[PDB]
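Quick heads-up: it's one chain on its own, the form deposited in one PDB entry, in structure tokens.
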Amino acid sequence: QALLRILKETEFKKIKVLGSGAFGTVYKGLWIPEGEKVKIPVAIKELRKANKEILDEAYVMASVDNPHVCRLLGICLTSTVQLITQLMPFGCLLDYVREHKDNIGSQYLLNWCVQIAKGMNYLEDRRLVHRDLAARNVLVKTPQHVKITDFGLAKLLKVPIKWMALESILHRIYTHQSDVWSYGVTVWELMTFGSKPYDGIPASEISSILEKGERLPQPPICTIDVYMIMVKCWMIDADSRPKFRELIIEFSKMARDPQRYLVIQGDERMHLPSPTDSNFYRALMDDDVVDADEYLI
């Protein structure tokens, strides 16, 4: 009945590798809670500080209950920290926009911006600073529903400089308003269909570029209205950046008339692959299995 489930190593199995990261390696697997006689598709992140402290922070992660934020289902502490969460079968949003560029309309892009802002506003209510918001850390539950993950790992434990607010880079200051800067960069990644920010420019030169007033360029599909939101997220004065509550309102307004705000050739006729069409979905999910959501009822 624990909010943060403590799992035995026998209660889960890593089936295949999904990918690596600075923080750890993520696997596709199965959660088989002892005696409960059910198999639940999970991702398991094995990370590269006393136990009670790891548990304390993880509890806040298991506490999050919002449709736009991944929830930590369980933890296993051995020689390693392993985190267990519901498997998101469509992958991360960065890979998703790169792969489906020719079939992503304005409605989808703006709705994802709303969803991410709603999840971040929830984290702010939870007093949980993300520290690593980026398109790679937003997962696709369905094409019409994305969720934020990988929040607070940075605390629990190579810095992602090109997503960081200038005050984080210069003074290790991390707040919800530095998360707003990272939100700006994440939105830029979506609107460019997954371009790499400041491509070519060495990480060591980023703080000077920002101090000189240089910023990521206007994406070609963006009207000035949308680009101005991004630019406000990157103001030097953190208190002057939009708040997540204001971003929800603004992108929600835009999402009601999406073609006024994003200019996409053939916007009218775009359609995304279903579960049974998706290569990525099929790759992961290929028997007698129960969705975490259905189990968690």
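A residue's number is simply how far along the shown sequence it sits, counting from 1. Rigid core here is just the name for the largest C-alpha set that superposes within 1.5 Å across the two forms.
Unshown form deposited in another entry; subsequent notes refer to it.
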Revision key, fill the gap. After rigid core alignment between this form and the one not shown, the listed option with CA shift of 2 Å or more out of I173, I209, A203, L77 is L77
Review point. Superposing on the rigid core, do we see a C-alpha displacement of 2 Å or more at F251 between this form and the one not shown?
Key: no
Check your understanding: Does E34 move its CA by 2 angstroms or more between this form and the one not shown when the core is aligned?
Key -> yes
Exercise for review: With both forms fitted on the core, give yes or no for whether the Cα of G194 moves by 2 angstroms or more between this form and the one not shown.
Suggested key: no
Exercise for review: Compare the CA separation of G24 and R131 in the other entry with the one in the displayed structure, and answer closer or farther (the difference is at least 3 Å).
Suggested key: farther
Exercise for review: Would you mind telling me if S79 and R131 are closer or farther apart in the other entry than in the shown form, C-alpha to C-alpha, with a 3 Å or larger change?
Suggested key: farther
